[PDB]
Every structure is written in structure tokens, then in C-alpha cells.
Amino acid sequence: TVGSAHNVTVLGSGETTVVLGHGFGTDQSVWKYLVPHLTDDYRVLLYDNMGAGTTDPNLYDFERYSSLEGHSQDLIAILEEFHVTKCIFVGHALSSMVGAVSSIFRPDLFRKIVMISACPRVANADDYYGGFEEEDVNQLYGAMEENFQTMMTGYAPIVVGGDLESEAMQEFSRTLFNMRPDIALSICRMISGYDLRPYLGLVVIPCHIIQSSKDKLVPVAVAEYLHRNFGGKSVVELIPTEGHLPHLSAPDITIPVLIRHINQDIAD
């Protein structure tokens, strides 16, 4: 019963399956503007990450999900029970990295990864600009732990971006507050604590790096970092738009970019 655990939804028709993973704060409905454009040529599988508001909180193994590997094996188990191989993995934020790690362990399950707002490490290092100094992110988490609803009412507009009181601004706010707070904090400890830079050379399946030109959470430098350190074919396309969830806040300009990168491969 894994399909129930992650609310796996399956539809469309085709020879190769497109898998859709979401990021923190939302769930699979994040892809409302993408699903209809694929179902005429592909099977489409959607799944929620464990911890999302639509999942049973009794299933959030805190020890297992204390690291990205826990979610990576969830994705492998999902793909296995639905008989998915050589899939096209389209992942936003978290799921993109979960997908990338999974493709290292089980390259038989992935043909390519299309990723949006991907981040291999939240904080700045030497040789790496990820947005915020580690010292300061630690305060952003610690204050979120001290006063959860207050500072996430803050956080949510900064992440969605754009005009206040929009569909994406109200949708993300709704799904974000549907998470149980202790689960949300564990997920945040996991994300703010991971560092995938040494893993990137082990990802050798082709990676399409798509990201916003004005994302508070992922600077443009992060995409050129990914493009330079991935172990296989890769490519970068910027989207002239603001926000962390372009696929939801600006579908007219983001969806055709995703489609082209889903449809088309990478030339030598």
C-alpha cells in the first residue's frame, strides 16, 4: 500500500512515464498547470513526499527522514511498486535532489531529471554561494522553532514572491500550514543540514537545470554550480520570473520551458 502512503496518482497513456515530485510546503497539486499538457503522450505519476500535509503524520519516521536518504528510498519504492523504469523525473526543489540521489543508487529507474529551483546546499561555503551564510540560516531555523506560525506567515510570501494575495500566494500558504509543525521542522532541519556537493559528480544521468532569475532561496550562481559539478550531461535555462515556485506562480512562462526540456534531449 505505498500508493496510499504517498497519494500516488497515475494517469495518461504512453510508453515512458513522467514522474512529478514536489517541494517543501506543497504537494502534488503543485503541478496543476503541467499535468494536462503531458497526459496525451506520457503516463504521469504524481506522489507527495512524506511529511506533506496530505500524508498521514503517523508515517513520518523522524529518524528515517532526518536525512535525504529516507525520501530517496521512498521514491525508489514508489517507482518499484508501479512498475516504472527509465522514467522522466520532473522534480521541484526537494524532490529534485531526492531524485538525483536516487538516480545514483538506481540508474535503472531514471532516463533524465528535469529539476526546478534545485539546491544542493542551503548555506554558503567557500567556493559556493547558496544565498545565506550558514550562521544566519541557523537563526532563521531557530526562530521558526521558537515561534512557528508567526515566522512562517512571514516566510511564505518571501518564498512565493510576486503580488500579494495571488493564487500561488494563497495556495502555498494553505498547504504550508497543513503540515504538522514538528514534521515541518524536522524537514527543515534535514534540508538546511544536507550538503550534496560531493554527490554531484556521481549523478551521471542527464540533468536539465531550470530555475528562476529572481528566487530569494536559490541564486543564479547555484545553477552554474550544478551545471559545472554534475557528473554527466547537463544544461541550464533561466526563467525571467520571480519566486521559488515558478511552475505555480507563472505557468504561462514556466510550463513551456518544462515541456521542452521533458520532450527534448541534450546534444553533445
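In this text, residue numbers run from 1 along the sequence as written.
Two stretches are in play, 111-119 and 150-158, and the higher mean C-alpha B-factor belongs to 150-158.
Each of 228, 216, 208, 64 has a CA temperature factor in the record; the biggest one is found at 216. As recorded in the entry, 58 carries the highest CA temperature factor of 26, 54, 58, 49.
Sorting the modelled residues of the chain by their CA temperature factor places residue 94 in the lowest third.
In the deposited entry, the Cα temperature factor of residue 17 sits in the middle third of values across the chain's modelled residues. Looking at the C-alpha B-factors along this chain, the one for residue 259 belongs to the middle third.
When the modelled residues of the chain are ordered by C-alpha B-factor, residue 105 sits in the middle third. Looking at the C-alpha B-factors along this chain, the one for residue 177 belongs to the middle third.
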